[PDB]
Every structure is written in structure tokens, then in C-alpha cells.
Amino acid sequence: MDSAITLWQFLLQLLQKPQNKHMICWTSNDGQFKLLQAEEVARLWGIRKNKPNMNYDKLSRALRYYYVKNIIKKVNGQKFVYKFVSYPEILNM
DNA sequence: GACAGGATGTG
DNA sequence: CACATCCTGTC
């Protein structure tokens with residue numbers, strides 16, 4: 001219902017349901033996560049925001065904007081792996 | 001292709 | 001603001 005949802009909140013919600021482990025999962029105990037099925041998560045993000053043409057190219061650009069915002073960072077050298085900068089703070093928020 | 005980040009546009 | 005879209009470049 002809430003269409004104001006942000007990408008990081010949405011990704012947090014996906015990682016919270018173990019039934020989504022197939023496409024996105026935690027890869028550390030400190031906030032690192034991997035987009036196992038990147039195009040699949042991008043598809044879900046588009047449906048959520050009603051942007052039918054959403055894909056990883058664009059979902060990843062949205063994640064790149066987080067770097068300076070200190071919300072999410074890239075885990076260098078690790079394909080599709082990013083990290084929530086302030087974890088678990090963002091969780092209990 | 002994945003990834004970085006600038007340019008322009010939208011609500 | 002918070003992306004969505006498109007693009008130049010690197011590797």
C-alpha cells in the first residue's frame with residue numbers, strides 16, 4: 001500500500017522473509033547482503049513502485065546514490081554484494 | 001556484463 | 001529529496 005517506501009527499507013523487508021532467501025540473503029552478521037537473483041529483486045522493486053520497466057541496471061544506480069548517504073555501501077570485488085553501513089541500527093529503527 | 005557516478009527529469 | 005532513466009567509461 002505505502003508507495004513512499006524507499007529501496008533500502010524494501011530490501012530490508014525482503015531479507016526479513018526467509019522465503020526470499022532464493023533471491024536475496026545476508027552474507028555476514030554485520031549487514032552484508034547479496035542479490036542472488038538481482039533482476040528478480042529489481043522486478044519486485046518495480047512492481048512495488050509501479051515502475052514496470054525497473055531492472056538491476058536502474059536498481060543498482062539507486063543503490064549507488066546511497067554510498068554518499070552512508071546508508072548502504074558496496075562490498076568491493078563481490079558481485080551483487082552490498083552492505084548496510086549502520087547495522088543492526090537500521091533494523092531496530 | 002557489473003560497477004562508478006554525472007546529466008536530466010519527475011512528483 | 002529519492003529515485004527513474006540514460007549515458008560515458010573502466011575493467
Side-chain angles (χ1 to χ4, degrees):
Chain A
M1 260 145 308
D2 175 21
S3 247
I5 196 181
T6 60
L7 177 52
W8 65 261
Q9 231 276 242
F10 179 75
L11 288 184
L12 229 31
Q13 303 181 343
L14 285 192
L15 271 154
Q16 257 204 286
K17 342 232 119 311
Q19 69 260 24
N20 288 323
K21 241 170 225 51
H22 156 68
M23 54 193 158
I24 185 177
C25 68
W26 292 116
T27 58
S28 86
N29 67 330
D30 72 341
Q32 290 181 45
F33 64 97
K34 181 179 171 155
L35 258 36
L36 286 178
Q37 297 302 153
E39 296 299 355
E40 228 170 278
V41 167
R43 182 149 69 254
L44 264 0
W45 176 226
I47 286 149
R48 185 57 174 80
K49 275 262 261 120
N50 184 210
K51 296 276 161 208
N53 292 315
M54 177 55 58
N55 58 30
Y56 186 61
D57 281 354
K58 292 176 282 183
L59 180 151
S60 66
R61 174 75 190 87
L63 290 179
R64 258 170 247 126
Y65 274 126
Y66 284 157
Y67 299 177
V68 43
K69 301 228 283 205
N70 267 315
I71 295 174
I72 277 165
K73 279 274 197 24
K74 186 62 170 68
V75 178
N76 302 301
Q78 273 169 21
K79 233 177 120 178
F80 308 120
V81 186
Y82 296 81
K83 184 198 177 309
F84 277 100
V85 176
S86 73
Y87 182 87
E89 288 60 56
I90 41 89
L91 278 200
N92 210 269
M93 158 244 90

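To find a chain, count down the sequence lines: A is the first, B the second, and so on, and within it residues start at 1.
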Quickly work out the [X] [atom1] to [N] [atom2] distance and round it to whole Å.
X	N	atom1	atom2	value
A/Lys51	C/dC3	NZ	P	13 Å
A/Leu36	B/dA2	CG	P	14 Å
A/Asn50	C/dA4	CG	P	11 Å
A/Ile5	C/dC3	CD1	P	10 Å
A/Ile72	B/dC3	CD1	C1'	15 Å
A/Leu63	B/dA4	CG	P	10 Å
A/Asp2	C/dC3	CG	P	12 Å
A/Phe80	B/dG1	CZ	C1'	8 Å

For B/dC3, does OP1 or OP2 lie under 4.0 Å from any side-chain N or O of A/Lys74?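 Checking B/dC3 against A/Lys74, a side-chain N or O does come within under 4.0 Å of OP1 or OP2.
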
Looking at A/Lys49, I'd like to know whether one of its side-chain N or O atoms comes within less than 4.0 Å of OP1 or OP2 on C/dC3.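 The answer is no; no side-chain N or O of A/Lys49 sits under 4.0 Å from OP1 or OP2.
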
Within 45° of the ring axis of A/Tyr65 and under 6.0 Å from its six-membered ring centre, is that where the NZ or CZ of A/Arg61 lies?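 The answer is yes; both the distance and angle limits are met.
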
In Å and rounded to the nearest 0.5 Å, what is the CG to CG distance from A/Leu35 to A/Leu11?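 Between A/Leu35 CG and A/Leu11 CG, I get 6.5 Å after rounding to 0.5 Å.
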
Side chain to side chain, A/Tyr66 and A/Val85, heavy atoms closer than 4.5 Å: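 They are not in contact (no side-chain heavy atoms under 4.5 Å apart), so the answer is no.
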
Sub-3.5 Å donor-acceptor pair from the side chain of A/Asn20 to the main-chain atoms of A/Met23, do we have one?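 Between the backbone of A/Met23 and the side chain of A/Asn20 there is no qualifying donor-acceptor contact (under 3.5 Å).
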
Counting N and O atoms only, with roles assigned by atom type, does the side chain of A/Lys51 sit under 3.5 Å from a partner on the main chain of A/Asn55, one being a donor and the other an acceptor?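 Side chain of A/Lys51 to backbone of A/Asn55: no pair is present.
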
Just compare [options] and give me whichever is closest to any side-chain atom of [X].
X	options	result
A/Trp45	C/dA4, B/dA2, B/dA4	C/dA4
A/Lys58	B/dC3, C/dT5, C/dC3	C/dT5
A/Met54	C/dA2, C/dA4, B/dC3	C/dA4
A/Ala62	C/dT5, C/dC3, B/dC3	C/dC3

Have a look at A/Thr6 and say if it touches a base, only the backbone sugar-phosphate, or nothing, with a 4.0 Å heavy-atom cut-off.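 Since only primed, P, OP1 and OP2 atoms lie under 4.0 Å of A/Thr6, the category is sugar-phosphate.
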
Determine the contact category for A/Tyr66: base if any of its heavy atoms lies under 4.0 Å from a base atom, sugar-phosphate if only primed atoms, P, OP1 or OP2 are that close, otherwise nothing.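 A/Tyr66: backbone/sugar contact only, no base atoms under 4.0 Å.
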
May I have the list of side-chain donor-acceptor pairs in residues 42-49 of chain A shorter than 3.5 Å, sequence neighbours left out?
| from | atom 1 | to | atom 2 | distance (Å) |
| --- | --- | --- | --- | --- |
| A/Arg43 | NH1 | A/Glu39 | O | 3.4 |
| A/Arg48 | NH1 | A/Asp2 | O | 2.6 |
| A/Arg48 | NH2 | A/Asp2 | O | 2.4 |

What pairs with A/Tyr56 under ring-ring contact (aromatic ring centres under 6.0 Å, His included), at least two apart in sequence or on another chain?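 In terms of ring-ring contact (aromatic ring centres under 6.0 Å, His included), with neighbours along the sequence ignored, A/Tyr56 is linked to A/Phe80.
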
Treating primed atoms plus P, OP1 and OP2 as sugar-phosphate and everything else as base, which nucleotides of nucleotides 5-11 of chain B get B, S or - for protein heavy atoms under 4.0 Å? BBBB---

